[PDB]
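1. Here is my input, please return the structure:
(11 chains)
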Amino acid sequence: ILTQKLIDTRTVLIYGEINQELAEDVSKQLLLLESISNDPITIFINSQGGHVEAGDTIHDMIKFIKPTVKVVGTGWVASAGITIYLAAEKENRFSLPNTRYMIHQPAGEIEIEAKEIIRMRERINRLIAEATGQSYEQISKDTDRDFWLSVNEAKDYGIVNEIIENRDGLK
Amino acid sequence: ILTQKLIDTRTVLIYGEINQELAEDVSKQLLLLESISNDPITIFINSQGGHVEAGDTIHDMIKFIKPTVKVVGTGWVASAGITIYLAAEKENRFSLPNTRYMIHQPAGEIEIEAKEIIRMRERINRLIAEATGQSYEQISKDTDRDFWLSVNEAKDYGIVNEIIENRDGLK
Amino acid sequence: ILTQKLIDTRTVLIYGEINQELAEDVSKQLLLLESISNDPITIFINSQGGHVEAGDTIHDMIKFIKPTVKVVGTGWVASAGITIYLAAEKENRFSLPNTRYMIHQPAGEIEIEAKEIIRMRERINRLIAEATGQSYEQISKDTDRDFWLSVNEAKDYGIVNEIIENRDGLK
Amino acid sequence: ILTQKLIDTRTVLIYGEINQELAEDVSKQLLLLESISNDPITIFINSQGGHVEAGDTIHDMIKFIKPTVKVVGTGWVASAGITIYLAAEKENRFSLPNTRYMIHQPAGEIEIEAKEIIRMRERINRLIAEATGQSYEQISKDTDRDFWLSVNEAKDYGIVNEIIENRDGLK
Amino acid sequence: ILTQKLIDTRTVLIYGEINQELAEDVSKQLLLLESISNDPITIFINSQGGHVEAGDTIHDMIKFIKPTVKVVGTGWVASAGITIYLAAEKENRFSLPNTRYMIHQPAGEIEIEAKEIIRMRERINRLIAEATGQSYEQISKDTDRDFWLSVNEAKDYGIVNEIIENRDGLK
Amino acid sequence: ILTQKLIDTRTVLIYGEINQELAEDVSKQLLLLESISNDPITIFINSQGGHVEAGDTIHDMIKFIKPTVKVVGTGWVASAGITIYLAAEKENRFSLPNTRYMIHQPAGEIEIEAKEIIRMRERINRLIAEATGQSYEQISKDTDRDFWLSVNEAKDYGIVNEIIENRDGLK
Amino acid sequence: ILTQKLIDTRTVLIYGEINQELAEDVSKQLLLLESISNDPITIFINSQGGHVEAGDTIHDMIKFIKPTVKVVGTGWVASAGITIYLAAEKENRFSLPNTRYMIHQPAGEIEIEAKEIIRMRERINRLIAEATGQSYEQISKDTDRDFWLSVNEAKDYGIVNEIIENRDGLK
Amino acid sequence: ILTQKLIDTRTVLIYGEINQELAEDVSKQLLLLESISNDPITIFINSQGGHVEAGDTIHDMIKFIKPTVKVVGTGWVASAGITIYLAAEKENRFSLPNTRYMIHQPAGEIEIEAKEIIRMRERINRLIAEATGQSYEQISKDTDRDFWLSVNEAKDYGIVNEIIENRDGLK
Amino acid sequence: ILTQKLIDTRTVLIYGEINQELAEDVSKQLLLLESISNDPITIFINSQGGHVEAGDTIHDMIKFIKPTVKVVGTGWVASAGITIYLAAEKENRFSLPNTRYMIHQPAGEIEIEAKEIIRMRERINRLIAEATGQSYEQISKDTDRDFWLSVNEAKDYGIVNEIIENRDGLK
Amino acid sequence: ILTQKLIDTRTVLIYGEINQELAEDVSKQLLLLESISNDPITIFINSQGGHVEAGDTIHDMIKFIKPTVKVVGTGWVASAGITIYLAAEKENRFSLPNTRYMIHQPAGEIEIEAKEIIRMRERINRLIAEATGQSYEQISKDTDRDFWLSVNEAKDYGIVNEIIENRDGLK
Amino acid sequence: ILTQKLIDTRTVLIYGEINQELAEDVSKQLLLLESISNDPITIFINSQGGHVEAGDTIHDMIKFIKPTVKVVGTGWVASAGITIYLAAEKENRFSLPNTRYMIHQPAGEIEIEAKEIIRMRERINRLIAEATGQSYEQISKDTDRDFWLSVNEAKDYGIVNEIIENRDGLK
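-> Numbers count the residues shown, from 1 in each chain, chains lettered A, B, ... in the order given. Please find the structure below.
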């Protein structure tokens, strides 16, 4: 009965480095909660990012499942973590006060590798633009280097919709 | 009761490097699900590839079991991962939006080793040809180096049959 | 029945290095206790600190949940550990007698990194100011180097509210 | 109930390096299934080989237990793995389509070691000869170096009796 | 129910290096089976040997317990493994067909150490003598170097009593 | 029910290096058995020794608990292992046949360390003298270097009381 | 007589990483050649860069001595190497045909370090601007990232004055 | 008088990996020999290649100095070694009989790095084209992978002009 | 004067592994002795072999220089060492009595490497055939595995011409 | 003038491990002394042995040169060192009083390796037999294990001819 | 001229660990000094000991050479250092005031090793008895453990003859 009442809260924690092992763990939890009901799921994210394709899977799984997903940013949300965060609809994107956000152009035969990283950076930047309401050209410009945003700046930028301190903030 | 409802979902996750340990885990899961019913099985694949013979085992196990197998490509599907992906019939090969695909001629007394790597590369290329509907000569030409395909390019090529974003896409 | 009666005590221990794994563990415990009842939660903290953003998550989680949280400092409470400690309301901040407290300006492209360390140090110092009743200028000055305070000095400083030796001290 | 239904399938998986730890695991599994009923046991083998005496134990345990043992080769079966594979009666030796097979003379005071390796290689070659129907001289000649066989070549050689793609193939 | 049926078989496996950890594991198994009934216990041994005093413990435990112990050599039995094998009465010493056996004078202030290794070798050679029926002088001579014996040579030597291939061999 | 019947045997195994971890494990087992009943406890010891203070704890715990403790030496019993062995009353000190015993003066600012090693050596020697019946002077002389005793020599010396080969030897 | 003839050529080679050891070596050679005569000195430079302050020393030593210094770029001249290269007057700056050039902003308590790197980057950029004839703002803009120039591009830019293939090109 | 007589032979050996240390060594020898007289210089080259810019320096220094340079390939001449080899005029390019030759496209932020590697390969391929008499397109095609030529093949390709066995072959 | 009289003996020692550093050393000595006079040179060789191309250089350098070269094998001459040894004319090939000789097929993208290793083995075998008077066929056959010859067997094979014990044996 | 007078002493020291580097050093010294005069040479040997083929070379070089060689054993002479020692004629084999001597059968695909070790051991034992006057059977028997001899026993055995303490002992 | 006047002093320093390299260095110095004149030689020894056989060589060389050798102990003289010190006649054994002395039984197929260590200890103890005037039985008793002597105790023991502080003390 230790995780029984935890499963009832319909909450997933994504804390730490984004990798395939974490993507598998998160995928299993989301698939389980979907099999139980169509009630909303809340995801808390504290992540510096990590593996791009692992980030892509979690993102797509969030949109794949039937239940509506709310995200709460906490501590920091960066890179691959941002891709996950942005899978939720703008209305459902929350942040705790002590959180900073970061977008950038991630790292990844040299001709083949260069082309892939270019295509990956385009795909990621179009994803960020579509989710935030910013233009593709604006994202491309800002993600030239490590672009760190405070919680209030990330709100103005269109990443965070609502800054909350308490439970009722989720309503 | 934790995995009991996740067994009911008839879902197998293949995330990360393909090796004999993963092959054993996947083989056990597929054999368990077959022993329960002949209902369809869904496999989510996120793999950069790995061990060729482990890939062959998973591929053959998919064809060996009675239940129909559906595959969903997510994040990336490359090398030995593709061999597993192509085990399902073309009708049952799906992909999530944020996925890239890759086929190549994989790495593997020198005269003995050379002959093995050639025979293996033929066997893999003919497997890909038969599955995608492409000619053996086309596959052999394209797999000369790391041949990366976007989700849409993978669809045209005959790897992916249908790109889906939601649950109802599996129908 | 082993943790069943331990859960009844509504107690969380935060001992050792603050990191994302501990934050996840602490988050799960708090969300579990919240789902059971709205009765007060007691946290015993013995921590030299560690990962700033993990400390931020725990701090914000304490304020996020409905139940009132009491903190009890033991051994030492320092750096990111102080951030967690200060999440509780002043009246609910207790210390055991053999405890020392430390505040400082923590550690963390060089221009970008320098800006982030500055902003982080501001954010942390303002958090400490608001919680202790000390002015931002006093905190900023004192945290210039490792600022250790005995238990009585920490009470005078506004970090600790009450020094207790026994159960009835919590009353 | 996770392994309960897996035990009913009477299937043993031998994937990876042959060693004493795997030999112990396989022995326990075979002795457990023997204690339940005299019904047949299916063994799937994907092995590059490994420890000669560990392979001898599994070989001899297969012939020691009362139930009839079917082997299915998958991915690759080589060296000590072949010795295990050949423990089954020719009638009961199956292969999945994507499998390659190898026989060689395995590696192993120097005079003593030389005599032991000679005796061991004789013992192994006679074992292979008896099981495949090939002459000792033919095996001895062919195993001089790493002798890789395709699935069809392995059938022609007398290692594999039947190549199967589906369940009803086992019949 | 998994080891419940395995305990019913009254079978102990001694596979791998002989050391104190394995001696503890085996001791617990032998004491557990002794506490249940006085029915015979079958031990399968595949061991290159290892720690002398750990082998002495297993040897003495086999004789110490009330139930009659049958030993079955498999793969190989050497050094400390032989000492364990010979704990059983001659009538109860069996071997699978693919097994080799080895006796030798094992490895072990220099004057003290020398005396101990001498006494240790004396003790072991007398134990082998008593168990096989051969004279102490003959054992001392044969154990001067690594003395490898095929299964049939071990039978002729008085180590193995009967070579069995099937279950009915133990009768 | 796997350790349930093993608890009924009232047997403790002390195999391997004597350290604080083992001392904790043994203390818990002895305390558990004491809490159940006042029936005798049998301890099998196979140990080369190790940490002096860990040995001291096990020794004192044996004498502390109410139940009578019988000790059975097996393989070897040396140094800190002997301190533990000698905690049992002479009448309750048994040995399996293949066992050797060793006593010596154990290894341990330099003036402080010298005094401590001196006092420790005296304390240990007086303990051995008292338990065996040998004089302190004889012990102090014999323990000057590694003093190994065969099973029969250890009986004469007063360490072992009865050499047993079977269960009924304990009567 | 080996270096005697080599000293007569009045040639200094700066090949490899710029560090204090190399700076000491170059300083000694320049001081030696200065003490002999006021005839021109030729320096061949093949350097990826290295230690900023070591480069500064070499640069300043080149200007400090009385003889006129000619520089010939070869292989590559980058970062700290460029600072050395630009110590010579524009008229005396040559390049062999197979050479590439690079200017960039080099890497270097955080507030202090950041301020120093800023000052260092201004100092270096002003040094480059003065030597090439480019404006400070142009250098500051171009050195934002790794600015690799071909030999012809470096001449146009104002780093190289004349590209030579033969001895008489120095004239 | 050891290197004195050796200096008269006017011979430079380039054996082993091409790096900056070797470039400095070779440069000094070439500059020393040029200062003594304008007589021809013979270079013996046995090199697998190495650092591209080191090879460029040596290549350019050969053309820079006044004396005519003859090259003799020996053992193998590959990659950066071939660049050095091709610094000599075609009439002055010799080979010993037991020599093989290799040209390829060498290995060398990712957009910046990819552009440099591309420019480097074009530069090397044009250099090879000019020196051999082969067209740029042929060289570009042939260097796609490791292109090993035997001594007679290198002669036909225009790398080697004359295969010599004895001194009189240099004439 | 320490090497002055050692150069007068016109003796070169090739002891140890054949590599490019040794090839440089040997090349310099041979060129030095050539420039002094046309008198014969004696080479003593004790080598297990090593780098194939380094052996090729030394072999070719021996045939390149004007003076007649005599070889004296000592201890062992194997692999690349044999290639060097066989550079001398048959009449000039000597051996000390305690020497053994070995020829084999040396070790050396996979299709490319395979082609190179095949060509290399043919080149070496033809070199050995021509020098010893054995047919290419015989050499090709004998070099299948490590082919060790005693000094008298090496003489019969045509590797060694004369076995000498004393100075006057060279005459 | 430092080694000039040391060369006048016509003494060679062979101290430490026998390897190819030492063999080269010793060969150069012997060849230098031979070129000066035909006067006798004295070798002092203190060696535990080492590389067999390096010892073979020194042995053969001692017999090869025209000057008569005297050997003086000191400290110890063992294995390969004994082979060197026995190169001198019996009359010329001396020992200092504090020396011990050892002969054994030295350590050294497995069928090929075993043959080589057997032939090598026979060669060494026949060398020892011939030098000492002992029969081959005696040497073969004694060298079965490490056969240590005191200086007087080594004299009796025919290894040492004369034990000397002072200069005039060489006479 | 640096060591020229140092050679005139006829002084040898033996400082640090006794090993074969130091034995060679010392041997060369003694032989050099012997070849120059028969004037006395002075050896200063500061050594904790080291390699027994190396000490034996130095000991024997001191007695072997014609000149008289005086030894001066300084700092410490222990173990193999003592063996060297005791090579000089009693009349010629001096000590500086701040020196301690130690004798003990040194450390060093286990039966063979034990036999060798016994013989070695006897040989060393007899050597020490003969040089000191102490009986063999007394030396054997005193060397049971590390036996340290002050400079004055060493004089009383017969190791040191005369304690000196100044040059004139050698007279």
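2. hey, let's count contacts and neighbours off CA atoms from now on
-> Noted.
3. so does the longest helix anywhere in chain A get close to chain B?
-> Secondary structure of chain A read by DSSP state H shows that its longest helix is helix A:110-132. Yes. Counting by CA under 8 Å from any CA of the partner chain, chain B has neighbours in helix A:110-132: A:112, A:116.
4. now that helix: how far from the chain's centre is it?
-> Taking CA atoms, centre = their mean, to the nearest Å, one finds helix A:110-132 lying 17 Å from the centre of the chain it belongs to.
5. Kindly calculate the angle that it makes with helix H:110-132.
-> Calculated by axes from the mean of the first three to the mean of the last three CA atoms, to 10 degrees, helix A:110-132 forms an angle of 160 degrees with helix H:110-132.
6. Residue of chain A nearest chain J, please.
-> Nearest residue of chain A to chain J: residue A:109, at 39.2 Å (CA to the nearest CA).
7. Tell me how many other residues surround that residue.
-> For residue A:109, the count of nearby residues is 10 (other CA atoms under 10 Å in any protein chain shown).
8. Not counting its neighbours along the chain, what's nearest it?
-> Once flanking residues are discounted, residue A:109 sits nearest to residue B:146: 7.6 Å by CA to CA, 6 or more residues apart in numbering or on different chains.
9. just checking, that neighbour touches residue B:102?
-> Yes. With contact defined as CA atoms under 8 Å, residue B:146 counts as touching residue B:102 (6.9 Å).
10. Among these two, which residue is more densely surrounded?
-> The neighbour comparison of residue B:146 against residue B:102 (other CA under 10 Å) goes to residue B:102, with 21 against 17.
11. so who does the more buried one touch?
-> B:77, B:78, B:79, B:82, B:146, B:147, B:148, B:149 (CA atoms under 8 Å, 6 or more residues apart in numbering or on different chains).
12. correct me, but the fourth one touches residue B:103?
-> This means residue B:82. Yes. Residue B:82 sits in contact with residue B:103 when judged by CA under 8 Å, with a separation of 7.1 Å.
13. roughly how far apart are the residue of chain A most remote from its centre and chain D?
-> Farthest-out residue of chain A from its mean C-alpha position, per CA atoms, centre = their mean: residue A:109, at 30.9 Å. Residue A:109 sits 29 Å away from chain D, going by CA to the nearest CA, to the nearest Å.
14. Can you tell me how far that residue is from residue I:131?
-> As judged by CA to CA, to the nearest Å, residue A:109 and residue I:131 stand 45 Å apart.
15. Which residue is the nearest non-sequential neighbour of residue A:7?
-> Nearest non-adjacent residue to residue A:7, counting by CA to CA, 6+ apart: residue A:33, 7.6 Å away.
16. Find the helix or strand that the one you found is a member of.
-> Assigned by DSSP states H and E, residue A:33 falls within helix A:20-36.
17. name the helices or strands packed onto the very next helix or strand once past the longest helix of chain A?
-> Using DSSP H and E, the helix or strand that follows helix A:110-132 in sequence is helix A:136-142. Helices and strands touching helix A:136-142, by 3 or more CA pairs under 8 Å, 6 or more residues apart in numbering or on different chains; DSSP states H and E, are helix A:110-132.
18. Flag every buried residue along the helix it packs on.
-> Within helix A:110-132, the residues that count as buried by 16 or more other CA atoms under 10 Å in any protein chain shown are A:110, A:113-118, A:120-122, A:124-129, A:131-132.
19. Likewise for stretch A:39-59?
-> Neighbour counts over stretch A:39-59 (16+ other CA under 10 Å) mark A:41-59 as buried.
20. same question, stretch A:86-95
-> By neighbour count on 16+ other CA under 10 Å, the buried set for stretch A:86-95 is A:86, A:87, A:88, A:89, A:90, A:92, A:93, A:94, A:95.
21. Now do the contacts for the third one.
-> With contacts defined as CA under 8 Å, 6+ apart, the neighbours of residue A:88 are A:62, A:63, A:69, A:70, A:71.
22. which residue does chain A bring closest to chain E?
-> Nearest residue of chain A to chain E: residue A:1, at 23.2 Å (CA to the nearest CA).
23. Can you report how many residues lie near that residue?
-> By the measure other CA under 10 Å, the count of residues near residue A:1 is 7.
24. Would you mind listing what in chain A touches chain H?
-> A:110, A:111, A:114.
25. try 10 Å this time
-> Remark: the part of chain A in contact with chain H comprises A:107, A:108, A:109, A:110, A:111, A:112, A:113, A:114, A:115, A:117, A:118, using CA under 10 Å from any CA of the partner chain.
26. Just the closest of these to residue A:28, please.
-> When the residues of chain A next to chain H are compared for distance to residue A:28 (CA to CA), residue A:108 wins out at 26.6 Å.
27. how about the nearest residue to the closest one, chain neighbours excluded?
-> Nearest residue to residue A:108, sequence neighbours excluded (CA to CA, 6+ apart): residue A:117, at 6.0 Å.
28. dump the residue contacts of the one you found.
-> Going by CA atoms under 10 Å, 6 or more residues apart in numbering or on different chains, residue A:117 touches A:105, A:106, A:107, A:108, A:123, H:110, H:111.
29. wait, isn't the last one in contact with residue A:108?
-> No. With contact defined as CA atoms under 10 Å, residue H:111 does not reach residue A:108; the gap is 11.7 Å.
30. Touching both of the two, which residues are there?
-> Common contacts of residue H:111 and residue A:108, defined by CA under 10 Å, 6+ apart, comprise A:114, A:117, A:118.
31. Now do the same for residue A:6: helix, strand or coil?
-> In three-state terms, and counting by DSSP: H, G, I helix; E, B strand; the rest coil, residue A:6 is helix.
32. How far does stretch A:140-149 sit from its chain's centre?
-> Distance of stretch A:140-149 from the chain centroid (CA atoms, centre = their mean) equals 17 Å.
33. Can you get me the start-to-end distance on it?
-> End-to-end distance for stretch A:140-149, by CA to CA: 16 Å.
34. Please identify the buried residues of that stretch?
-> By neighbour count with 16+ other CA under 10 Å, stretch A:140-149 contains the buried residues A:140, A:143, A:146, A:148, A:149.
35. Which of the residues you listed sits closest to residue B:166?
-> residue A:140 (28.3 Å).
36. Verify the contact between the closest one and residue A:118 for me.
-> No. Counting by CA under 10 Å, residue A:140 stays clear of residue A:118, with 11.5 Å between them.
37. Report the set of residues contacting both of the two.
-> When contacts are counted by CA under 10 Å, 6+ apart, residue A:140 and residue A:118 are jointly contacted by A:105, A:124.
38. quick one, what contacts residue A:24?
-> A:30, A:54, A:57, A:58, B:13, B:14, B:15, B:16, B:44, B:46.
39. Can you tell me how far it is from residue B:74?
-> Noted for residue A:24: a distance of 11 Å to residue B:74, by CA to CA.
40. Could you name every residue contacting both of those two?
-> Counting by CA under 10 Å, 6+ apart, the residues touching both residue A:24 and residue B:74 are A:54, A:57, A:58, B:15, B:44, B:46.
41. hang on, isn't the fifth one packed against residue B:72?
-> Meaning residue B:44. Yes. Residue B:44 lies in contact with residue B:72 (CA under 10 Å); the separation is 4.7 Å.
42. what sits in contact with each of the two?
-> B:13, B:85, B:94, B:95, B:96.
43. Mind listing what's buried along stretch A:12-26?
-> Applying a neighbour-count criterion of 16+ other CA under 10 Å, one finds A:12-20, A:22-24, A:26 buried in stretch A:12-26.
44. Cool, thanks, signing off.
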